[PDB]
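Protein chains in written order, with the deposited numbering: chain E, 2 to 340; chain D, 2 to 340; chain C, 2 to 340; chain B, 2 to 340; chain A, 2 to 340. Here a beta-carbon is modelled for each residue, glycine too, at the ideal position from N, C-alpha and C.
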Amino acid sequence: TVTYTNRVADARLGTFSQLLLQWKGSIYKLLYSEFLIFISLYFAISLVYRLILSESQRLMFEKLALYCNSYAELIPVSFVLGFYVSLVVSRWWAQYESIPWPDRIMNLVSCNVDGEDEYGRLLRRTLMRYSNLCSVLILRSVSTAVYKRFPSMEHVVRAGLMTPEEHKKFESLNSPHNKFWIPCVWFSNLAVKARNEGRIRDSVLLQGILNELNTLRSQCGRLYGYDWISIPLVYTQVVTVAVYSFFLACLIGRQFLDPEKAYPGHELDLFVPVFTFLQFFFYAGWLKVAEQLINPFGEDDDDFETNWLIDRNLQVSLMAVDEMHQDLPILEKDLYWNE
Amino acid sequence: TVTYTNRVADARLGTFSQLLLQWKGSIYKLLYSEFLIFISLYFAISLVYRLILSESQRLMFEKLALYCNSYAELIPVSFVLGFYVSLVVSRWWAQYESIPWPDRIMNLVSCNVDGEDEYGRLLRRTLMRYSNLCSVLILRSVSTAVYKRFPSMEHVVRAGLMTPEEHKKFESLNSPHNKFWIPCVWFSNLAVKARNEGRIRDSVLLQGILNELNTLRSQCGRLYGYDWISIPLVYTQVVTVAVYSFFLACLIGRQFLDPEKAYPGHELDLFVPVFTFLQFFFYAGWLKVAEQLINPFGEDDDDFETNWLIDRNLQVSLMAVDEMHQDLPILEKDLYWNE
Amino acid sequence: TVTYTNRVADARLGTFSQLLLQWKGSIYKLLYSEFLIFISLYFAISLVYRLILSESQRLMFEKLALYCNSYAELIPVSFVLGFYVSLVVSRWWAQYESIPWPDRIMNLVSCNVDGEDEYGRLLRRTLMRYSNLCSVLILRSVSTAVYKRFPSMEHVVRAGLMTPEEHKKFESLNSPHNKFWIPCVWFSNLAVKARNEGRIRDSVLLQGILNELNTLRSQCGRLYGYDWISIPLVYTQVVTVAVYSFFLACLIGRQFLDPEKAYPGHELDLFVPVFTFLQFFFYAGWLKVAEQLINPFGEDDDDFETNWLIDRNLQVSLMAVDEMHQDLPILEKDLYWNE
Amino acid sequence: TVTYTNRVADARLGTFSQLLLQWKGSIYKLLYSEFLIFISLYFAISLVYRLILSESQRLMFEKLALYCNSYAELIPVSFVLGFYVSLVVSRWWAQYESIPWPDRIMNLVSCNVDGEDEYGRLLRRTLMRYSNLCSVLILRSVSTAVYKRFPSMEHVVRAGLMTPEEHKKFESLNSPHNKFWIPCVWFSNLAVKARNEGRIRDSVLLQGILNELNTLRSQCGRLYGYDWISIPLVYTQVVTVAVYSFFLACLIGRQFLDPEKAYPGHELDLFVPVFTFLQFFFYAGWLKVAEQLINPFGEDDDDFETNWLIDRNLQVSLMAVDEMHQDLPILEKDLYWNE
Amino acid sequence: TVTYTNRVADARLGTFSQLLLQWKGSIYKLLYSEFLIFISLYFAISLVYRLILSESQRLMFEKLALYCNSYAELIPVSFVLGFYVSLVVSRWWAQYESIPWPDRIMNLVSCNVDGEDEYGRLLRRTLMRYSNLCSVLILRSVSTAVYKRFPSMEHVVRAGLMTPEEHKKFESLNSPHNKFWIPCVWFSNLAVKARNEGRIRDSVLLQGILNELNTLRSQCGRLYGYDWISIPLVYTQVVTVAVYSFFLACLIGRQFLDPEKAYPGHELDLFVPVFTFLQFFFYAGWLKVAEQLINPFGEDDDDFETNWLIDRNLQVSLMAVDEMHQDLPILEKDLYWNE
Ligand SMILES: [Ca+2]
Ligand SMILES: [Ca+2]
Ligand SMILES: [Ca+2]
Ligand SMILES: [Ca+2]
Ligand SMILES: [Ca+2]
């Protein structure tokens, strides 16, 4: 993602005007190629009109230019872009909040699974590693950056997320579907084993741990559902046909005709339409918003930083249930102590 | 569904322009017949205008064409399509998230119902099969693809979802309503029987299993509610009358009149209106979005893959509570082991 | 409600065009009287213009018709109808999901309240009957169809929902407010009595039953809140003044003036404006959507079927906690049994 | 509030047309003064134009009227009113659902706190009175009607909501912030005291009572948050500058000019513009919707009835935990008793 | 924030018109510099047109002014501002409700952690101080005002939120990420230690305390997610290019041309366009709404008062779990006591 939230905290004079001079993740980086194609086509048509055509051909081209200028209409294009980009942004933020965080399971496994010896330490680390693996196996299915980081399951083993005996048990389980649900079953079986051996005290603490497991499972299921069910293809083809029809009308209708014939609206020849190019930046950039956000797990400048998030979740989890189990600072009186 | 999420991960040059060359689930496959009817009517009217009519008849037709061209208005049609398609897409995604998944019940039944002998194995398998049956009995009511897969209850028996004694008990229960709530009562009675025989340890684990049962029941109730309560019929008839009135105005008002009489706006005869046909693709495709998504359990190219989802849920459930009960990999130290 | 969800499963050629030939719940049944009033007023003004008026009076009427045709403006009317109908449809679907279903309480009372003798049977039936009564007492307050079914509390007694001793206890309780909260207190007291006599085993099962009771109470409170707090009256009067002002402009501005005087836009006399009548069907039907859905508990063709839903809930509840208490089919091996 | 939900149940002929003849809470009562100011300014300008000005002054005024009529533009005003009123109505209904209801705590305190003697009776009444006080102390902060009912804390004591020893303990607690959180701490301490004395049986029932306490605390926190964080002032000033700029353009541009000079669009002198006044009612009433609903706890005709709701909550709570503790009707067989 | 909710309770005559005379947080304070730049550029171009240019240059400037006036189009600018400001306001209110409040943890820690001696007092104070620290460490990451209050962790120590031994333990924990999750692990370990020493009675009360801890952790995670994932930069650059293109068209197209040449629409020379400046206030202020609300934790007049909220939360928490532990008013009969 491109974070600029510290830049737009106050509403000063140059609040949003300073954001037009940025390159990374901007509208220019997304519209360079389309703008150069549009410039090339426009000045090609204009120079063919000025230099090649004969006089009757010029008259027919002027009539065609008036015909095409009658259909350059902005309002329904603005409608369909507004509703489509609203749908895309709603699904974008809805996909962000489905990314699973291990912290709620971390707080309970760090405290409730007892044992300051080796075995309870190993038990807590294995539980949080099973929680992180259940998230990595769905992020490598919904994202291309995580999939380029983990192309095979052996790359998941190399990273330390899965011991080779867990990989042998993982491949021995025979299922033709996506296997992101395997560690979230291993977690619950290990938690019940830990209770039956005497590490978890009562049933209530075990059921709290299992409820947070099911919450993380529902998060992974939401990510799977957003990846598997896209925005419909016809509703994307409608907005592209609309925007490209508007720009095809503006390629011909927005020419500068001959002023000696005095057409209404064509009394001046400027050789370069500034406002047509600004309308191009407006409409084509407001389509590129929806092009960028339709899959936020890719590799754009403003797609989600998911590899960083995997690294954070693994380090924080194994830090909090190993180095922070019953390791508290000394209970002292605070500054607001009355008596 | 038609998945193209891997294709639109990055915002390259040909991001959405490559989606216009696709056929399966596209706008062309949904607009072929309407477009051919529109082409036939338009060129019929145009050739009758050019070849059959006399001169005074030609003058009356030109006056009628100016009258009909005065009413080809795009802005309220774009309004009503925008709001209606927003409603349809909101209900579409709301119906996806109501499809029940057995995984939250699966995690708890795989671990908490004890017994490595035959009886506890049979008990866990019967519990997850009662959870899957409560979902299949509502998917064969809300969907046409699941109903063509399971036309009678005997087809549900053949698939292994229901033993014949369960079918005899199912038909002995006399109720004139939809019976999708029967296995979700059998589940809770079998869970309480399993607790009273000594398989489930405490009351807390039993109540956690029953809470996940009630969550799956609420999912099935949401699917029943979305199928039974449609979008109102008058609010669909409004958008169809609007779009067909616009196209009836464009059949006559968008003719190419005789240029020798020099009507304002009709100075050139091109024999084929490109921009009228592009406006047809835009408006008729933005109506076909709402036609396709108004019942996402049918048999379109972008309706929900529900038979696959039933097969997945059954295989994953019976795999996780039978082959994975207290079958864990060997507890080893991970790569991040400090001491 | 008018269900057509099986008709619009696929996006065929005649998907929505077949819905224009339906009568029950359609736009025609809602716009018959307004359309006949509009036709009568329009042709009255037109025939007075053609037959009664003198020539200077004709000239003044033509000037008035041009003045009124200058104000027939469609875009803000389409704005205010779009936002108002969006609010109405949002509240409509929000009121559907607040209707209470007894099934979550049914699953727990069918299993956890023990006793295969007469007393436990009577206890379970009394609990589910107290759950259904707490829903009927709010549906007869928010709906007119349920109120015509149950005009007095004696009609609730006749239907079997309330024994006469419960009616005596119900009328002995002195409160000047709506008494839909009485059976939801009787439920919790009977559940605690059932626990203290030895029927409910532990505290956890009792608290699960009471939590589902409070969920059904929150559902009834939502229905009470949606009925008591309407859409504001000024926001309905705005959209009616807007639509009726547009149609008052179209009564006079859309006349066919005399072609011999050659007004711009009035060069042809057709005697019947097709597109004005189609704009009438569009705008008046898109107002009738909001007229129909503003109270979905009435007696329209697409209001909620609430009497059927009460009958279903009562039959399913008393069936599941009496005939299905510890009455399970024989535990057999399924078809996917491995060993 | 103005309830008309029983009036608009069916979609008859006079469904919404009968709502235009109502006065209480209507558009007329909110637009009387603005409409009279607009009428006075308009006819003042018109009579100064007709009677006072000389001929060259008349020519300059006609040029100014054409200039101002060129800027009376309706579409962006309709945009900004639509989005702003959508925000106001969304926050309005969101503030209704945050009003706390004591019924979920009432069901649990009526049943779980044991004791048919004096002490348990006093304990249950004190618990529900602490629940109601925690709601009254935030309704007298967010509302002006509740604040006029309870101007000081002594008026809260007079009403019986707070005994004078509770007022002494309430004022002894020294905090410079709003003290609506004090009775919601007293509730939890009294509940734990009641458990430790033997009135509440187990820990599970105590934790259920405390969870419903925290739910009511979150409701009060939502009301505090909606009152403290208003809609931004600049986003209200934008819509008022837009609507008043449109009406300032219509004061001068919508004059009836001299017909003898034959301006295009001013060929008739009617002395009173009907459609300009109807556009005034439309736009000014669609602003008065947002003016009325921006604080729904005031004293408009369609603000929330909060004093009634406080009276209801207090009477229902003290009725249900005192007169209805273990006072059940006699368990009889219902009408659907099979055997 | 700027609170005016007490001012707009009723819908009087001067309800919103009195808000146009306010300065703090208004549209004037946000548009002063842009308005002066626009005034300077406009009157510079106008005086260069009136005094410097020759006659043929005047003719070319009039042609250029007609060309630029043909592109001053308001409707798509109003579209894109409406949808963008709707997104900004939705995220604004969504970020308000993610601010964590300690009151739900406060109610349970004040009652369930036993001990009226020194040790239980210190235990309850340390628990609520760990809850407040977990909120301060994320507010100093998402806000600039809290970060200017707490620039280093030593400033957090000075304020009494963290004792120096807790700071030594906090810096000994080695993690390269944001450490706002450390006190929410210390809380759960101290709660389990308090249960194992005999202060918390059962497992159910401990699990309720831990569930409210996880709820506050999810609140802090939501604030972190809204700060880290901004609105996309291209979707802000689109709306700024649109608004600045409209104002660049209005700088030249809205000039007052020479009336002696009698251009259509330029028949009068007023020297100052009132309606162009009002359209500037409308569009530029409706952009400044989105400029102000895009980061509501900054230092605008209508950003969130977060330092006050931190002070309130700390004082209320340490007041309620120290001075209010088992300190109840005397149980007296209320005014509604029957017998
Ligand atoms: Ca992307
Ligand atoms: Ca379909
Ligand atoms: Ca109705
Ligand atoms: Ca108000
Ligand atoms: Ca700000």
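- Cβ contact annotation for D:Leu124 (same chain, cutoff 8 Å, sequence separation greater than five): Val114, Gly116, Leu191, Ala195, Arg200, in chain order.
- For E:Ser27 and D:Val147, the gap between their C-alpha atoms comes out near 47 Å.
- One Cα belongs to A:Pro297, the other to E:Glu98, and the distance between them is close to 20 Å.
- Using beta-carbon distances, B:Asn108 counts as an interface residue toward chain C, with a partner under 7 Å.
- Only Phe276, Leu279, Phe282, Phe283, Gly286, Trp287, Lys289, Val290, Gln293 from the segment 273 to 293 of chain B bring a Cβ to less than 7 Å from some Cβ of chain C.
- For A:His178, the nearest CB of chain E lies under 7 Å from its own CB, placing it at the interface with that chain.
- Counting C-beta pairs closer than 8 Å gives three or more between the segment 244 to 260 of chain B and the segment 56 to 67 of chain B, which meets the contact rule.
- At a Cβ-Cβ threshold of 7 Å, B:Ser189 and B:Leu211 count as neighbours.
- Contact annotation for C:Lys334 against chain D: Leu123 [CB-CB distance below 7 Å, chain order].
- In this structure D:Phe181 touches D:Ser142 by the C-beta definition: roughly 7 Å separates them, less than 8 Å.
- Distance between A:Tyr5 and A:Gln220, taken at the CA atoms: about 28 Å.
- Scanning chain A for C-beta atoms nearer than 7 Å to the C-beta of B:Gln23 yields nothing, as the closest lies near 17 Å away.
- Bounds of the alpha helix (DSSP H) holding A:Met129 are 119 to 143.
- Using a C-beta cut-off of 8 Å, the segment 291 to 309 of chain C makes no contact with the segment 8 to 16 of chain C, since fewer than three inter-stretch Cβ pairs fall below that distance.
- Taken through DSSP and simplified to helix, strand or coil, A:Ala10 comes out as coil.
- Within chain A, not a single residue places a beta-carbon under 8 Å from that of E:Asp259; the smallest gap is close to 14 Å.
- Counting along the chain, the unbroken alpha helix (DSSP H) around A:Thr241 starts and ends at 234 to 254.
- At least one C-beta of chain E is nearer than 7 Å to the C-beta of D:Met320.
- Taken in chain order, the members of the segment 145 to 167 of chain C whose beta-carbon sits within less than 7 Å of a beta-carbon on chain B are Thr145, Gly161, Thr164, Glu166, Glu167.
- Taken atom to atom, the span from the alpha-carbon of B:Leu138 to that of B:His168 is near 13 Å.
- Out of B:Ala285, B:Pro184, B:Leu134, B:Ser87, the CA that lies nearest to the CA of B:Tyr29 is found in B:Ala285.
- For ligand 1, no non-hydrogen atom lies closer than 6 Å to the CB of E:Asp302.
- With a cut-off of 6 Å, the C-beta of D:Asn7 is classified as distant from ligand 1, since no heavy atom of the ligand falls inside that distance.
- Shown here for B:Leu206: same chain residues with a beta carbon closer than 6 Å to its own, the five before and five after excluded, namely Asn113 in chain order.
- If you draw a straight line from the Cα of D:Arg159 to the Cα of D:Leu214, it is about 25 Å long.
- Under the three-state reduction of DSSP output, A:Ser219 falls in the helix class.
- Within the segment 224 to 237 of chain C, the residues whose Cβ lies closer than 8 Å to any Cβ of chain B are, in chain order, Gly226, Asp228, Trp229, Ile230, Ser231, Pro233, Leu234, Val235, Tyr236, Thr237.
- A direct Cα-to-Cα measurement between A:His326 and A:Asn108 gives close to 10 Å.
- For D:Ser71, the number of other beta carbons within 10 angstroms of its own is below 16, and it is reported as exposed.
- When DSSP states are grouped into helix, strand and coil, E:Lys64 belongs to the helix group.
- Ligand 4 has no heavy atom closer than 6 Å to the beta-carbon of C:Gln293.
- Residue-level contact check: B:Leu128 does not touch chain A, since none of the beta carbons of chain A fall below 7 Å from its beta carbon.
- Just so you know, the alpha carbons of A:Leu88 and A:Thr145 end up roughly 22 Å apart.
- Under a criterion of Cβ atoms nearer than 8 Å, the residues of chain A adjacent to B:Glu74 are, in order, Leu75.
- Here D:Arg202 carries a coil assignment [DSSP, helix/strand/coil].
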